[PDB]
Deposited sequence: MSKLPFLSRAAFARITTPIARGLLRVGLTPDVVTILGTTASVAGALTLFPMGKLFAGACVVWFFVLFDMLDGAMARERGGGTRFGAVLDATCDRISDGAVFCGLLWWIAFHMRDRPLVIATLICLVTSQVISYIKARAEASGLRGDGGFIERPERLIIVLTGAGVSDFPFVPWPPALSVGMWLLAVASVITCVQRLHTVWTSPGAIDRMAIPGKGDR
């Protein structure tokens, strides 16, 4: 929060900081992961996960965020996650011989979008759509970093990371739709 104050000082808006963080996160994911630099990629993506929380600190230290800022931040989280899984997919698909893992990665790619989508769409209709994102990233990035750990790496960790997530994510989808289903007013006709 002193960081947020100093970033305000220089002329950065919260929106600008989100876009730059997302741009840097995406570039990191798409530069490092396809090269097999999985640990470095993981550290950079975690960094910019954390660094993007500074948008809220900056908004608070300006007396307020905006609705657009909220929407932009969320959209950016989706873009950034898509980019994480796409970089990992590139490494996995073209530098390994684990097609089941390619499948698991694609499931993670799609479910990371859909899980968020269900929430936003549920809210757009006045229903709830949460339950079951930081921990999903924790799983896949820890798996990757350990797989490529600078010492005593455990290559299987990527696959374990991905497969767990893929299952966990699918369940989350089902869970979230259930929360939609059981929201008050969900079944009223209009």
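Visitor: Unmodelled stretches of the deposited sequence, numbered from 1?
Guide: 1 to 16, 149 to 151, 210 to 217 are the stretches of the deposited chain that have no C-alpha coordinates in the structure.
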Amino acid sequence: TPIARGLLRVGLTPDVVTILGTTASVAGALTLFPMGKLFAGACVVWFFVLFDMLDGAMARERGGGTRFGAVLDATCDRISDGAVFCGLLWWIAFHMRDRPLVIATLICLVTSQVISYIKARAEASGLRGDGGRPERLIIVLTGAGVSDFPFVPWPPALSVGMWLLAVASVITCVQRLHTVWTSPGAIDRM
From here on, numbers count along this sequence of modelled residues.
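Visitor: Mind pulling up the entry and telling me whether 16 to 24 or 168 to 176 has the higher mean Cα temperature factor?
Guide: Mean B over CA atoms: larger for 16 to 24.
Visitor: Please compare 83 to 91 with 96 to 104 and name the stretch with the higher mean C-alpha B-factor in the deposited structure.
Guide: Averaged over C-alpha atoms, the B-factors run higher in 96 to 104.
Visitor: Whose C-alpha has the highest temperature factor in the PDB entry: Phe51, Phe33, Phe68, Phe149?
Guide: Highest C-alpha B-factor among the listed options: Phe51.
Visitor: Using the B-factors in the PDB entry, rank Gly131's C-alpha atom against the chain and give the third, lowest, middle or highest.
Guide: Highest third - that is where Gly131 ends up once the chain's C-alpha B-factors are sorted.
Visitor: Using the B-factors in the PDB entry, rank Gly64's C-alpha atom against the chain and give the third, lowest, middle or highest.
Guide: Top third by C-alpha B-factor.
Visitor: Sorting the chain's modelled residues by C-alpha B-factor, tell me whether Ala157 ends up in the lowest, middle or highest third.
Guide: It falls in the bottom third of the chain.
Visitor: Lowest, middle or highest third: which one holds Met58 when the chain's residues are ordered by CA B-factor from the entry?
Guide: It falls in the top third of the chain.
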